[PDB]
>>> print(open('coords-v1.pdb').read())   # PDB, C-alpha atoms (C1' of nucleotides)
ATOM      1  CA  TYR A   7       0.000   0.000   0.000  1.00  0.00           C
ATOM      2  CA  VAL A   8       3.038   2.213   0.247  1.00  0.00           C
ATOM      3  CA  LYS A   9       2.676   4.317  -2.874  1.00  0.00           C
ATOM      4  CA  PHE A  10       5.422   6.896  -2.363  1.00  0.00           C
ATOM      5  CA  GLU A  11       8.478   7.313  -0.108  1.00  0.00           C
ATOM      6  CA  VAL A  12       8.287   9.965   2.603  1.00  0.00           C
ATOM      7  CA  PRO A  13      10.821  11.767   4.801  1.00  0.00           C
ATOM      8  CA  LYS A  14      10.654  10.652   8.432  1.00  0.00           C
ATOM      9  CA  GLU A  15      10.997  14.256   9.676  1.00  0.00           C
ATOM     10  CA  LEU A  16       8.116  15.289   7.419  1.00  0.00           C
ATOM     11  CA  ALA A  17       6.196  12.318   8.794  1.00  0.00           C
ATOM     12  CA  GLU A  18       6.948  13.838  12.205  1.00  0.00           C
ATOM     13  CA  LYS A  19       5.568  17.211  11.102  1.00  0.00           C
ATOM     14  CA  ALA A  20       2.469  15.281  10.032  1.00  0.00           C
ATOM     15  CA  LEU A  21       2.292  13.507  13.385  1.00  0.00           C
ATOM     16  CA  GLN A  22       2.459  16.786  15.271  1.00  0.00           C
ATOM     17  CA  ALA A  23      -0.276  17.939  12.891  1.00  0.00           C
ATOM     18  CA  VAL A  24      -2.383  14.963  14.071  1.00  0.00           C
ATOM     19  CA  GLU A  25      -1.737  15.913  17.692  1.00  0.00           C
ATOM     20  CA  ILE A  26      -2.678  19.589  17.150  1.00  0.00           C
ATOM     21  CA  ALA A  27      -5.697  18.576  15.079  1.00  0.00           C
ATOM     22  CA  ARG A  28      -6.597  16.092  17.801  1.00  0.00           C
ATOM     23  CA  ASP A  29      -6.645  18.768  20.483  1.00  0.00           C
ATOM     24  CA  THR A  30      -8.044  21.770  18.589  1.00  0.00           C
ATOM     25  CA  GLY A  31     -10.448  20.029  16.214  1.00  0.00           C
ATOM     26  CA  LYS A  32     -12.040  16.721  15.182  1.00  0.00           C
ATOM     27  CA  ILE A  33     -10.226  13.584  13.890  1.00  0.00           C
ATOM     28  CA  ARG A  34     -10.848   9.842  13.402  1.00  0.00           C
ATOM     29  CA  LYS A  35      -8.494   6.930  14.117  1.00  0.00           C
ATOM     30  CA  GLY A  36      -8.084   3.283  13.000  1.00  0.00           C
ATOM     31  CA  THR A  37      -8.899   1.933   9.482  1.00  0.00           C
ATOM     32  CA  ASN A  38     -12.647   1.659  10.009  1.00  0.00           C
ATOM     33  CA  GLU A  39     -13.308   5.205  11.225  1.00  0.00           C
ATOM     34  CA  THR A  40     -10.765   6.668   8.848  1.00  0.00           C
ATOM     35  CA  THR A  41     -11.928   4.957   5.594  1.00  0.00           C
ATOM     36  CA  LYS A  42     -15.466   5.852   6.583  1.00  0.00           C
ATOM     37  CA  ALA A  43     -14.122   9.422   6.938  1.00  0.00           C
ATOM     38  CA  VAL A  44     -12.797   9.301   3.375  1.00  0.00           C
ATOM     39  CA  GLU A  45     -15.939   7.718   1.854  1.00  0.00           C
ATOM     40  CA  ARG A  46     -18.034  10.490   3.369  1.00  0.00           C
ATOM     41  CA  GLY A  47     -15.471  13.052   2.199  1.00  0.00           C
ATOM     42  CA  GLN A  48     -15.042  14.417   5.720  1.00  0.00           C
ATOM     43  CA  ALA A  49     -11.362  13.513   5.536  1.00  0.00           C
ATOM     44  CA  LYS A  50      -9.254  16.622   5.217  1.00  0.00           C
ATOM     45  CA  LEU A  51      -6.111  14.489   5.629  1.00  0.00           C
ATOM     46  CA  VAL A  52      -5.191  10.805   5.799  1.00  0.00           C
ATOM     47  CA  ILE A  53      -2.331   9.542   7.928  1.00  0.00           C
ATOM     48  CA  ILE A  54      -1.211   5.981   7.244  1.00  0.00           C
ATOM     49  CA  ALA A  55       1.475   4.068   9.118  1.00  0.00           C
ATOM     50  CA  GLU A  56       3.627   1.704   7.097  1.00  0.00           C
ATOM     51  CA  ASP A  57       4.327  -0.983   9.726  1.00  0.00           C
ATOM     52  CA  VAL A  58       1.202  -3.045   9.173  1.00  0.00           C
ATOM     53  CA  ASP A  59       0.656  -6.806   9.001  1.00  0.00           C
ATOM     54  CA  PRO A  60      -1.460  -7.927   7.213  1.00  0.00           C
ATOM     55  CA  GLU A  61      -0.589  -5.311   4.585  1.00  0.00           C
ATOM     56  CA  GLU A  62      -4.050  -5.722   3.017  1.00  0.00           C
ATOM     57  CA  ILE A  63      -5.957  -4.260   5.990  1.00  0.00           C
ATOM     58  CA  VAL A  64      -4.651  -0.832   5.025  1.00  0.00           C
ATOM     59  CA  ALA A  65      -4.145  -1.497   1.306  1.00  0.00           C
ATOM     60  CA  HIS A  66      -7.594  -0.405   0.187  1.00  0.00           C
ATOM     61  CA  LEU A  67      -7.439   3.094   1.662  1.00  0.00           C
ATOM     62  CA  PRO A  68      -4.586   4.874  -0.185  1.00  0.00           C
ATOM     63  CA  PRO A  69      -6.034   4.571  -3.734  1.00  0.00           C
ATOM     64  CA  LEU A  70      -9.364   5.899  -2.456  1.00  0.00           C
ATOM     65  CA  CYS A  71      -7.448   8.916  -1.138  1.00  0.00           C
ATOM     66  CA  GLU A  72      -6.355   9.826  -4.640  1.00  0.00           C
ATOM     67  CA  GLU A  73      -9.694   8.567  -5.955  1.00  0.00           C
ATOM     68  CA  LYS A  74     -11.668  11.024  -3.796  1.00  0.00           C
ATOM     69  CA  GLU A  75      -8.764  13.514  -3.984  1.00  0.00           C
ATOM     70  CA  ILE A  76      -7.917  13.421  -0.278  1.00  0.00           C
ATOM     71  CA  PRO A  77      -4.253  13.909   0.675  1.00  0.00           C
ATOM     72  CA  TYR A  78      -2.503  10.925   2.356  1.00  0.00           C
ATOM     73  CA  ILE A  79       0.851  10.480   4.105  1.00  0.00           C
ATOM     74  CA  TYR A  80       2.976   7.807   5.797  1.00  0.00           C
ATOM     75  CA  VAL A  81       4.336   7.670   9.331  1.00  0.00           C
ATOM     76  CA  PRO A  82       6.953   5.176  10.545  1.00  0.00           C
ATOM     77  CA  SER A  83       5.130   3.393  13.376  1.00  0.00           C
ATOM     78  CA  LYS A  84       1.439   2.880  13.960  1.00  0.00           C
ATOM     79  CA  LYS A  85       2.149   2.776  17.681  1.00  0.00           C
ATOM     80  CA  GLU A  86       3.708   6.233  17.703  1.00  0.00           C
ATOM     81  CA  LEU A  87       0.735   7.582  15.796  1.00  0.00           C
ATOM     82  CA  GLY A  88      -1.748   5.829  18.104  1.00  0.00           C
ATOM     83  CA  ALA A  89      -0.023   7.663  20.926  1.00  0.00           C
ATOM     84  CA  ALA A  90      -0.257  10.839  18.818  1.00  0.00           C
ATOM     85  CA  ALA A  91      -3.899  10.011  18.119  1.00  0.00           C
ATOM     86  CA  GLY A  92      -4.465   9.888  21.866  1.00  0.00           C
ATOM     87  CA  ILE A  93      -5.137   6.149  22.218  1.00  0.00           C
ATOM     88  CA  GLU A  94      -3.527   3.195  24.062  1.00  0.00           C
ATOM     89  CA  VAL A  95      -3.371   1.053  20.929  1.00  0.00           C
ATOM     90  CA  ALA A  96      -1.320   1.240  17.758  1.00  0.00           C
ATOM     91  CA  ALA A  97      -3.530   2.700  15.020  1.00  0.00           C
ATOM     92  CA  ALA A  98      -2.718   1.784  11.396  1.00  0.00           C
ATOM     93  CA  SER A  99      -4.536   4.776   9.908  1.00  0.00           C
ATOM     94  CA  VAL A 100      -6.041   8.092  11.009  1.00  0.00           C
ATOM     95  CA  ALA A 101      -7.877  10.986   9.358  1.00  0.00           C
ATOM     96  CA  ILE A 102      -8.076  14.652  10.175  1.00  0.00           C
ATOM     97  CA  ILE A 103     -11.603  15.931   9.641  1.00  0.00           C
ATOM     98  CA  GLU A 104     -11.459  19.213  11.492  1.00  0.00           C
ATOM     99  CA  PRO A 105      -7.825  20.384  11.348  1.00  0.00           C
ATOM    100  CA  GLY A 106      -8.357  22.941  14.099  1.00  0.00           C
ATOM    101  CA  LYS A 107      -5.378  25.181  14.741  1.00  0.00           C
ATOM    102  CA  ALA A 108      -3.340  22.731  12.654  1.00  0.00           C
ATOM    103  CA  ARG A 109      -5.186  23.711   9.463  1.00  0.00           C
ATOM    104  CA  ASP A 110      -2.688  25.992   7.706  1.00  0.00           C
ATOM    105  CA  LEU A 111       0.174  23.643   8.562  1.00  0.00           C
ATOM    106  CA  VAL A 112      -1.623  20.628   7.156  1.00  0.00           C
ATOM    107  CA  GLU A 113      -2.231  22.542   3.915  1.00  0.00           C
ATOM    108  CA  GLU A 114       1.503  23.040   3.668  1.00  0.00           C
ATOM    109  CA  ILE A 115       2.278  19.410   4.407  1.00  0.00           C
ATOM    110  CA  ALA A 116      -0.425  18.481   1.932  1.00  0.00           C
ATOM    111  CA  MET A 117       1.585  20.404  -0.650  1.00  0.00           C
ATOM    112  CA  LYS A 118       4.380  17.886  -0.152  1.00  0.00           C
ATOM    113  CA  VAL A 119       2.309  14.978  -1.467  1.00  0.00           C
ATOM    114  CA  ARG A 120       1.395  17.198  -4.432  1.00  0.00           C
ATOM    115  CA  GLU A 121       5.120  17.057  -5.135  1.00  0.00           C
ATOM    116  CA  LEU A 122       5.507  13.416  -4.124  1.00  0.00           C
ATOM    117  CA  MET A 123       3.702  12.321  -7.304  1.00  0.00           C
ATOM    118  CA  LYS A 124       5.567  10.545 -10.131  1.00  0.00           C
TER     119      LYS A 124
ATOM    120  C1'   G B   1     -36.485 -11.132  59.205  1.00  0.00           C
ATOM    121  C1'   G B   2     -32.052 -12.795  56.980  1.00  0.00           C
ATOM    122  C1'   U B   3     -29.155 -13.284  52.401  1.00  0.00           C
ATOM    123  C1'   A B   4     -24.977 -10.038  46.744  1.00  0.00           C
ATOM    124  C1'   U B   5     -25.368 -13.015  42.277  1.00  0.00           C
ATOM    125  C1'   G B   6     -26.318  -5.642  42.802  1.00  0.00           C
ATOM    126  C1'   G B   7     -23.500  -1.584  44.511  1.00  0.00           C
ATOM    127  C1'   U B   8     -20.322   2.361  47.174  1.00  0.00           C
ATOM    128  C1'   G B   9     -15.055   3.107  50.061  1.00  0.00           C
ATOM    129  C1'   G B  10     -10.366   1.494  51.235  1.00  0.00           C
ATOM    130  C1'   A B  11      -2.819  -1.435  51.767  1.00  0.00           C
ATOM    131  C1'   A B  12      -4.371 -10.671  34.099  1.00  0.00           C
ATOM    132  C1'   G B  13      -6.806 -11.188  29.853  1.00  0.00           C
ATOM    133  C1'   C B  14      -9.624  -9.357  25.410  1.00  0.00           C
ATOM    134  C1'   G B  15      -9.159  -4.233  22.918  1.00  0.00           C
ATOM    135  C1'   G B  16      -8.827   1.584  16.806  1.00  0.00           C
ATOM    136  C1'   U B  17      -5.741  -5.101  12.858  1.00  0.00           C
ATOM    137  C1'   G B  18     -12.351  -1.872  16.073  1.00  0.00           C
ATOM    138  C1'   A B  19     -13.098  -4.890  23.181  1.00  0.00           C
ATOM    139  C1'   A B  20     -17.089  -4.853  25.688  1.00  0.00           C
ATOM    140  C1'   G B  21     -21.869  -3.092  25.509  1.00  0.00           C
ATOM    141  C1'   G B  22     -26.772  -1.267  22.685  1.00  0.00           C
ATOM    142  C1'   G B  23     -28.978  -2.787  18.425  1.00  0.00           C
ATOM    143  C1'   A B  24     -33.038  -7.128  13.955  1.00  0.00           C
ATOM    144  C1'   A B  25     -29.499  -4.828  11.146  1.00  0.00           C
ATOM    145  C1'   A B  26     -27.379  -0.241   9.476  1.00  0.00           C
ATOM    146  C1'   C B  27     -25.044   2.049  12.844  1.00  0.00           C
ATOM    147  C1'   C B  28     -22.333   3.547  16.754  1.00  0.00           C
ATOM    148  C1'   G B  29     -15.955   4.170  18.455  1.00  0.00           C
ATOM    149  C1'   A B  30     -13.076   3.769  23.934  1.00  0.00           C
ATOM    150  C1'   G B  31     -11.806   1.549  27.137  1.00  0.00           C
ATOM    151  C1'   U B  32     -13.989  -2.634  29.243  1.00  0.00           C
ATOM    152  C1'   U B  33     -13.608  -7.598  32.080  1.00  0.00           C
ATOM    153  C1'   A B  34     -12.161  -8.916  39.117  1.00  0.00           C
ATOM    154  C1'   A B  35     -15.799 -13.943  44.912  1.00  0.00           C
ATOM    155  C1'   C B  36     -10.363 -11.779  47.315  1.00  0.00           C
ATOM    156  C1'   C B  37     -10.140  -9.066  53.116  1.00  0.00           C
ATOM    157  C1'   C B  38     -13.664  -5.709  56.073  1.00  0.00           C
ATOM    158  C1'   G B  39     -17.668  -2.505  56.238  1.00  0.00           C
ATOM    159  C1'   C B  40     -21.170   0.271  54.424  1.00  0.00           C
ATOM    160  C1'   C B  41     -26.022   1.047  51.084  1.00  0.00           C
ATOM    161  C1'   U B  42     -29.573  -1.641  48.715  1.00  0.00           C
ATOM    162  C1'   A B  43     -33.656  -6.653  48.046  1.00  0.00           C
ATOM    163  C1'   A B  44     -35.157  -8.061  42.242  1.00  0.00           C
ATOM    164  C1'   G B  45     -34.321 -13.130  43.068  1.00  0.00           C
ATOM    165  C1'   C B  46     -34.181 -16.570  46.694  1.00  0.00           C
ATOM    166  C1'   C B  47     -35.071 -19.370  52.447  1.00  0.00           C
TER     167        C B  47
END
>>> encode(input="coords-v1.pdb", output="structure tokens")
Amino acid sequence: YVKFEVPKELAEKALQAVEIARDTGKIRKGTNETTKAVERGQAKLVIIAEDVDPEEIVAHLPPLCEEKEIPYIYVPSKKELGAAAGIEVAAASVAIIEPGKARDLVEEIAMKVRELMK
RNA sequence: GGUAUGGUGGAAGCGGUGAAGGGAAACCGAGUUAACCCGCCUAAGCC
């Protein structure tokens, strides 16, 4: 499901974006909530973590992100993001719905995937 | 009358790879599951 390579520091900027968006606005976390967030177009950003077995459980979500034109990014460890998502469990995927104070920043980080193509 | 299988107070397992628990399902989306000691409140159900 890993479509494009990402910097780990940029993944960190994304993670901090998920924290700030968690506190100041609405988000969803785990594949179910987050794919449902895409399908309903509420997803303003999709955060995937690459350490996932089975791969397939996340595999369906990234194409939909380009299919519904929702930005998507990778983060090194689902555990670290689950902690960033404010839960006690590793979370393979997360979505920012309401960016909150993170909004501008996420736009900027979104720009990176715009570049990440090809 | 009495009696915790209900509840209050005190010195290891399932779980966002979706737990329990509601619900016919859709759908919810975060914590649940503890007979262990005493000492309190309660009486369905029981003698």
>>> resolve_selection(input="coords-v1.pdb", expression="the PyMOL selection byres ((chain A) within 7 of (chain B))", output="list in words")
residues 35, 36, 63, 95 and 97 of chain A
>>> resolve_selection(input="coords-v1.pdb", expression="the PyMOL selection byres ((chain B and resi 21) around 9)", output="PDB file with C-alpha atoms (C1' of nucleotides), in the frame of the given file")
ATOM      1  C1'   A B  20     -17.089  -4.853  25.688  1.00  0.00           C
ATOM      2  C1'   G B  22     -26.772  -1.267  22.685  1.00  0.00           C
ATOM      3  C1'   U B  32     -13.989  -2.634  29.243  1.00  0.00           C
TER       4        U B  32
END
>>> residues_around(input="coords-v1.pdb", residues="residue 106 in chain A", least_positions_apart="2", cutoff="9 Å", atoms="all atoms listed in the file", output="PDB file with C-alpha atoms, in the frame of the given file")
ATOM      1  CA  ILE A  26      -2.678  19.589  17.150  1.00  0.00           C
ATOM      2  CA  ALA A  27      -5.697  18.576  15.079  1.00  0.00           C
ATOM      3  CA  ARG A  28      -6.597  16.092  17.801  1.00  0.00           C
ATOM      4  CA  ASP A  29      -6.645  18.768  20.483  1.00  0.00           C
ATOM      5  CA  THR A  30      -8.044  21.770  18.589  1.00  0.00           C
ATOM      6  CA  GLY A  31     -10.448  20.029  16.214  1.00  0.00           C
ATOM      7  CA  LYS A  32     -12.040  16.721  15.182  1.00  0.00           C
ATOM      8  CA  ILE A 103     -11.603  15.931   9.641  1.00  0.00           C
ATOM      9  CA  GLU A 104     -11.459  19.213  11.492  1.00  0.00           C
ATOM     10  CA  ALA A 108      -3.340  22.731  12.654  1.00  0.00           C
ATOM     11  CA  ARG A 109      -5.186  23.711   9.463  1.00  0.00           C
TER      12      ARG A 109
END
>>> closest_residue(input="coords-v1.pdb", among="A:87, A:116, A:51, A:79", to="residue 101 in chain A", atoms="all atoms listed in the file")
A:51
>>> residues_near_point(input="coords-v1.pdb", point="(2.8, 1.2, 12.2)", cutoff="8 Å", atoms="all atoms listed in the file", output="ChimeraX atom specification")
/A:54-58,81-87,96-98
>>> write_last_selection(input="coords-v1.pdb", atoms="C-alpha atoms", output="mmCIF file, keeping the file's coordinate frame")
data_model
loop_
_atom_site.group_PDB
_atom_site.id
_atom_site.type_symbol
_atom_site.label_atom_id
_atom_site.label_comp_id
_atom_site.auth_asym_id
_atom_site.auth_seq_id
_atom_site.Cartn_x
_atom_site.Cartn_y
_atom_site.Cartn_z
ATOM 1 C CA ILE A 54 -1.211 5.981 7.244
ATOM 2 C CA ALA A 55 1.475 4.068 9.118
ATOM 3 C CA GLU A 56 3.627 1.704 7.097
ATOM 4 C CA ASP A 57 4.327 -0.983 9.726
ATOM 5 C CA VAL A 58 1.202 -3.045 9.173
ATOM 6 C CA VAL A 81 4.336 7.670 9.331
ATOM 7 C CA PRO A 82 6.953 5.176 10.545
ATOM 8 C CA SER A 83 5.130 3.393 13.376
ATOM 9 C CA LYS A 84 1.439 2.880 13.960
ATOM 10 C CA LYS A 85 2.149 2.776 17.681
ATOM 11 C CA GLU A 86 3.708 6.233 17.703
ATOM 12 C CA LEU A 87 0.735 7.582 15.796
ATOM 13 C CA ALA A 96 -1.320 1.240 17.758
ATOM 14 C CA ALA A 97 -3.530 2.700 15.020
ATOM 15 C CA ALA A 98 -2.718 1.784 11.396
#
>>> residues_around(input="coords-v1.pdb", residues="residue 71 in chain A", least_positions_apart="2", cutoff="12 Å", atoms="all atoms listed in the file", output="ChimeraX atom specification")
/A:7,9,40-54,64-69,73-79,101,119
>>> atom_distance(input="coords-v1.pdb", atom1="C1' of residue 26 in chain B", atom2="CA of residue 37 in chain A")
18.6 Å
>>> resolve_selection(input="coords-v1.pdb", expression="the PyMOL selection byres ((chain B and resi 47) around 10)", output="list in words")
residues 2, 3 and 46 of chain B
>>> build_atoms(input="coords-v1.pdb", residues="range 77-113 of chain A", atoms="N, CA and C atoms", output="compact mmCIF listing (two decimals), in the frame of the given file")
# COMPACT_ATOMS: atom_id res chain seq x y z
N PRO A 77 -5.69 14.12 0.43
CA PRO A 77 -4.25 13.91 0.68
C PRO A 77 -3.97 12.78 1.69
N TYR A 78 -2.87 12.04 1.49
CA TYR A 78 -2.50 10.92 2.36
C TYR A 78 -0.99 10.86 2.56
N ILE A 79 -0.56 10.42 3.74
CA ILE A 79 0.85 10.48 4.11
C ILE A 79 1.24 9.25 4.92
N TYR A 80 2.54 8.94 5.00
CA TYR A 80 2.98 7.81 5.80
C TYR A 80 3.79 8.24 7.01
N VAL A 81 3.69 7.43 8.06
CA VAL A 81 4.34 7.67 9.33
C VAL A 81 4.98 6.35 9.73
N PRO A 82 6.18 6.40 10.32
CA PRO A 82 6.95 5.18 10.54
C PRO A 82 6.27 4.09 11.38
N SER A 83 5.67 4.44 12.51
CA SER A 83 5.13 3.39 13.38
C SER A 83 3.72 3.70 13.80
N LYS A 84 2.84 2.73 13.61
CA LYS A 84 1.44 2.88 13.96
C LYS A 84 1.28 3.12 15.45
N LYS A 85 2.21 2.58 16.24
CA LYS A 85 2.15 2.78 17.68
C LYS A 85 2.37 4.24 18.02
N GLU A 86 3.38 4.84 17.41
CA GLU A 86 3.71 6.23 17.70
C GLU A 86 2.55 7.14 17.31
N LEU A 87 1.85 6.76 16.24
CA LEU A 87 0.74 7.58 15.80
C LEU A 87 -0.48 7.36 16.70
N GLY A 88 -0.66 6.13 17.19
CA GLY A 88 -1.75 5.83 18.10
C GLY A 88 -1.59 6.64 19.38
N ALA A 89 -0.34 6.79 19.80
CA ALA A 89 -0.02 7.66 20.93
C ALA A 89 -0.28 9.13 20.56
N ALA A 90 0.02 9.49 19.32
CA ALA A 90 -0.26 10.84 18.82
C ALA A 90 -1.75 11.05 18.60
N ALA A 91 -2.46 9.96 18.34
CA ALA A 91 -3.90 10.01 18.12
C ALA A 91 -4.64 10.02 19.44
N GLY A 92 -3.89 9.89 20.54
CA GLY A 92 -4.46 9.89 21.87
C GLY A 92 -5.17 8.59 22.22
N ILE A 93 -4.62 7.46 21.78
CA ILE A 93 -5.14 6.15 22.22
C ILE A 93 -4.03 5.22 22.76
N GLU A 94 -4.45 4.14 23.44
CA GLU A 94 -3.53 3.20 24.06
C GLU A 94 -3.13 2.07 23.11
N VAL A 95 -3.64 2.11 21.89
CA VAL A 95 -3.37 1.05 20.93
C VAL A 95 -2.72 1.65 19.68
N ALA A 96 -1.86 0.86 19.04
CA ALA A 96 -1.32 1.24 17.76
C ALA A 96 -2.50 1.39 16.81
N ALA A 97 -2.46 2.43 15.98
CA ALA A 97 -3.53 2.70 15.02
C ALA A 97 -2.95 2.76 13.62
N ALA A 98 -3.34 1.84 12.73
CA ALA A 98 -2.72 1.78 11.40
C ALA A 98 -2.97 3.03 10.55
N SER A 99 -4.13 3.64 10.73
CA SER A 99 -4.54 4.78 9.91
C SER A 99 -5.46 5.72 10.67
N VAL A 100 -5.37 7.00 10.32
CA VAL A 100 -6.04 8.09 11.01
C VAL A 100 -6.45 9.11 9.95
N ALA A 101 -7.45 9.93 10.25
CA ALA A 101 -7.88 10.99 9.36
C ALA A 101 -8.15 12.24 10.16
N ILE A 102 -7.69 13.37 9.64
CA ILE A 102 -8.08 14.65 10.18
C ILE A 102 -9.30 15.14 9.42
N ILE A 103 -10.37 15.38 10.16
CA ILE A 103 -11.60 15.93 9.64
C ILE A 103 -11.62 17.43 9.83
N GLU A 104 -11.51 17.82 11.09
CA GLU A 104 -11.46 19.21 11.49
C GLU A 104 -10.05 19.49 11.99
N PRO A 105 -9.26 20.15 11.14
CA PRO A 105 -7.82 20.38 11.35
C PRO A 105 -7.57 21.19 12.62
N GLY A 106 -8.52 22.05 12.97
CA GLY A 106 -8.36 22.94 14.10
C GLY A 106 -7.20 23.88 13.84
N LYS A 107 -6.47 24.23 14.89
CA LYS A 107 -5.38 25.18 14.74
C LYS A 107 -4.28 24.64 13.82
N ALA A 108 -4.31 23.34 13.55
CA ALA A 108 -3.34 22.73 12.65
C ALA A 108 -3.57 23.08 11.18
N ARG A 109 -4.74 23.62 10.86
CA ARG A 109 -5.19 23.71 9.46
C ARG A 109 -4.14 24.21 8.47
N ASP A 110 -3.66 25.43 8.63
CA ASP A 110 -2.69 25.99 7.71
C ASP A 110 -1.52 25.02 7.50
N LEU A 111 -0.99 24.51 8.61
CA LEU A 111 0.17 23.64 8.56
C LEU A 111 -0.13 22.44 7.68
N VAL A 112 -1.32 21.86 7.86
CA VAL A 112 -1.62 20.63 7.16
C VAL A 112 -1.67 20.96 5.66
N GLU A 113 -2.18 22.14 5.32
CA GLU A 113 -2.23 22.54 3.92
C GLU A 113 -0.82 22.45 3.36
